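Note sheet for the following structure.
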Amino acid sequence: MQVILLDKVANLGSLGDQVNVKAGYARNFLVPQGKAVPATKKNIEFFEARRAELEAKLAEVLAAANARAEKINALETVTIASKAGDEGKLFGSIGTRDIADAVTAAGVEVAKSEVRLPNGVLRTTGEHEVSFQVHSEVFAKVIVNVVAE
Amino acid sequence: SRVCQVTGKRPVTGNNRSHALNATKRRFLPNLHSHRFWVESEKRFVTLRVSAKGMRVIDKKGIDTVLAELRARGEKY
Amino acid sequence: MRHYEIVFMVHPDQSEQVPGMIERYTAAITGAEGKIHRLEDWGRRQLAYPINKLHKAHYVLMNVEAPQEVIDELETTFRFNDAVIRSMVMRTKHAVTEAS
Amino acid sequence: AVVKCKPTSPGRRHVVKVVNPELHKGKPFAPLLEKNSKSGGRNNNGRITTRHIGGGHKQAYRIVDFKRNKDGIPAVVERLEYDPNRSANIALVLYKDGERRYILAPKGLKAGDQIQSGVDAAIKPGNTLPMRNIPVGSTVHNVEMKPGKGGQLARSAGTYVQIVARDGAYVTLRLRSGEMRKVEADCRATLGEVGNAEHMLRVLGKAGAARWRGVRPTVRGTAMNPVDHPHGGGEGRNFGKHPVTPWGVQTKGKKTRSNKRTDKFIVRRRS
RNA sequence: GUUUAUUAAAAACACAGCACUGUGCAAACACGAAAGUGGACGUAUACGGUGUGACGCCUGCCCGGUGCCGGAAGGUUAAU
RNA sequence: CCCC
RNA sequence: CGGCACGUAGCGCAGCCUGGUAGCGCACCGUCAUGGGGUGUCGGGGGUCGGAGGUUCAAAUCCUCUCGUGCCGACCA
Ligand SMILES: [Mg+2]
Ligand SMILES: [Mg+2]
Ligand SMILES: [Mg+2]
Ligand SMILES: [Mg+2]
Ligand SMILES: [Mg+2]
Ligand SMILES: [Mg+2]
Ligand SMILES: [Mg+2]
Ligand SMILES: [Mg+2]
Ligand SMILES: [Mg+2]
């Protein structure tokens, strides 16, 4: 209702600004994820002293690691071969666990939460595009080659 | 028991006076729900059985204070 | 073992991979000591009316001889998957190795 | 088949017994036998809930696998059996590498058949596979509602459900009541109808024929006395009321469905 | 076959059958301030309610009234 | 359209 | 009690505002049609728009009030 921002928001905020956001939006989503903090004097002092110039600017640094993981893949192409589904569809629909292991055993540091599928799960067989996001600011693009084992 | 874990709000009786004052008996209960608050000190969640006026009370106070209150009151969280 | 001229259409989707399907279509009969007569792959042509709202179709014919217990097998094979559509079978007549 | 019992005496004049000679007449497989204690109409608090119920012959619950999660191991049908629980015949089938297990009779199985469940299986009565790996327009039984619950749908004798369409990641189904719903496609089901398709015309001809099945008499209301049922009371068979439950609610009429938590799935209700 | 133990045992009750109606399963419905439980370790060839009441020939007209199911066009209409 |  | 909606020749109705000369079936009278008839046509009477008063250059069609006649809500001498 007067909450203070921790860093850049997806929308309606930039930094250190106070907004009449909704409680449903504040208690559940913002405050526990580290994107906002209620308007009290302890928090205002904390912000104007340790955040407006130090912690926000350190949060600007991890943008470097984000842009790094954006293109860490020396191949930028991951081939998965599981099984041929009778010349047609695929047996095991590739989701998030099928890729979070092929990336960790390949070197690209990506978690089950960093993957973002455009249209649900893929159930075809063919080399298709998927978008990766290591950060709300850094969106990568890595191609996948769907093969059969 | 339908009691707010944070305010002690409990059911209280009363009446149900009609348009001709028949005055049957009737209860009054809290808008009581079971929410999963966050606690940074512990970096955890905490499930309570609280009320709407307790939802705004933790907004005001803070989830640390209320916990010391409840601990000195002798109730498990 | 009887002479047949079984023909079928194919979706443009798997139309390009029909070479990979030819040998497996025909092996079920060849191992059965069947006789192939002709392999007319008419290919991609324009349909005459919308088949499930389509606009094209890949025609292929078999011109083969085979027994019933395996010809019915290949029939149900065509029918289970969704890559073949609107098939047809002939009976008992001699082979024709011409008439493209 | 159905046999019109010979009228030797009253109690057979109208009887018909659905009898199948192909099923086992010996004893069942104990390791899949659990006791099932009758609790006629009475819950943890006594105070009978459902009327019209009573005692009957002693049964024994058979451990039946609806989930069918062996998902890739063949199974040979050892034999059949008659479970007195549902309506249907059961099929005892043992897997290649050990375990024996019970399943439902899909109306077309005979002892010695080979089957298999899973996503890399064939299309034959008794094979169980996900609705995404299914040809639409088929006819199935033992359908799930969640991906793994096991099966809650169309498992009574003679029944089946005709898949009509697949809406992407969901599946439209026509139940054997007129309704058609929309469920998730990662569910699991078995092909073919279910056996004992002639239980529909299993006539009883006798009171005991039900009074030992478990049924207990249910009494008309306009005979009861008004203290016991709205329809009660009257000098000489006088209804003069509206047909309602014992508890006031009206029957022959009012729709009671008030869920709102599932109408997202119901496409077209029954009529 | 059952019933008015202790003035009525029957033409009354129930009955297998028939029909109607409800219920998609965390069912509908009942015992419960509730958690839960029976229904059912069943899932519409299943279950609950209602009525009539083996089998056989059959089940006529009326939707004005009441109740029930559909429509939201319009009039009326509570809190705030 | 009906009607001798 | 407040709000609304009906009322046009015997009947049933548009006209029920976007104010301009009361019209359309049904009845009724008369021709005509027919070999003799029914409908069919061409016509003829029969209404002052429930009453009252305003707004109006004009009413019906607009406002008010009433008289019926229904509906929905109200109502603790
Ligand atoms: Mg009193
Ligand atoms: Mg049972
Ligand atoms: Mg009965
Ligand atoms: Mg009488
Ligand atoms: Mg009477
Ligand atoms: Mg006695
Ligand atoms: Mg409950
Ligand atoms: Mg009326
Ligand atoms: Mg209604």
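In the structure tokens, chains take letters A, B, ... by order of appearance, with residues numbered from 1 within each chain and ligands from 1 in the order shown.
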Can you pull out every residue from chain C that DSSP, working from the backbone, puts in strand (DSSP E), and format the result as a count of residues only?
25
Within 10 Å of range 54-64 of chain G, counting only C-alpha atoms (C1' of nucleotides), which residues qualify if same-chain residues fewer than 2 places away don't, as a PDB file with C-alpha atoms (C1' of nucleotides), in the first residue's frame?
ATOM      1  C1'   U G   8     -58.621   2.992 -30.232  1.00  0.00           C
ATOM      2  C1'   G G  15     -50.994   4.225 -33.648  1.00  0.00           C
ATOM      3  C1'   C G  16     -48.076   2.888 -27.375  1.00  0.00           C
ATOM      4  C1'   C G  17     -42.031   9.080 -28.435  1.00  0.00           C
ATOM      5  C1'   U G  18     -39.358   9.878 -32.284  1.00  0.00           C
ATOM      6  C1'   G G  19     -46.892  15.653 -31.957  1.00  0.00           C
ATOM      7  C1'   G G  20     -49.265  16.928 -37.807  1.00  0.00           C
ATOM      8  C1'   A G  22     -58.056   7.833 -36.097  1.00  0.00           C
ATOM      9  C1'   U G  48     -62.973  10.913 -30.869  1.00  0.00           C
ATOM     10  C1'   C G  49     -58.024   7.453 -28.811  1.00  0.00           C
ATOM     11  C1'   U G  66     -58.251  10.957 -11.855  1.00  0.00           C
TER      12        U G  66
END
Within 12 Å of ligand 1, counting only C-alpha atoms (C1' of nucleotides) and all ligand atoms, residues as number ranges by chain
B: 15-17, 21-25
DSSP on the backbone: which residues in chain C end up as alpha helix (DSSP H)? Give the answer as a PyMOL selection string.
chain C and resi 12-15+18-30+68-80
For ligand 4, list the contacting residues at 8 Å or closer, counting only C-alpha atoms (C1' of nucleotides) and all ligand atoms, as number ranges by chain.
D: 235-238
May I have the residues within 10 Å of ligand 9, computed using only C-alpha atoms (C1' of nucleotides) and all ligand atoms, as a list in words?
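Listed by chain and ascending number, the contacts are residues 68, 69, 70 and 71 of chain E.
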Compile the contact shell of range 32-46 of chain B as a ChimeraX atom specification: residues with an atom at most 12 Å away, counting only C-alpha atoms (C1' of nucleotides), same-chain residues fewer than 3 positions apart removed.
/A:26-34,37 /B:1-11,28-29,49-55,58-59,62-67,76-77
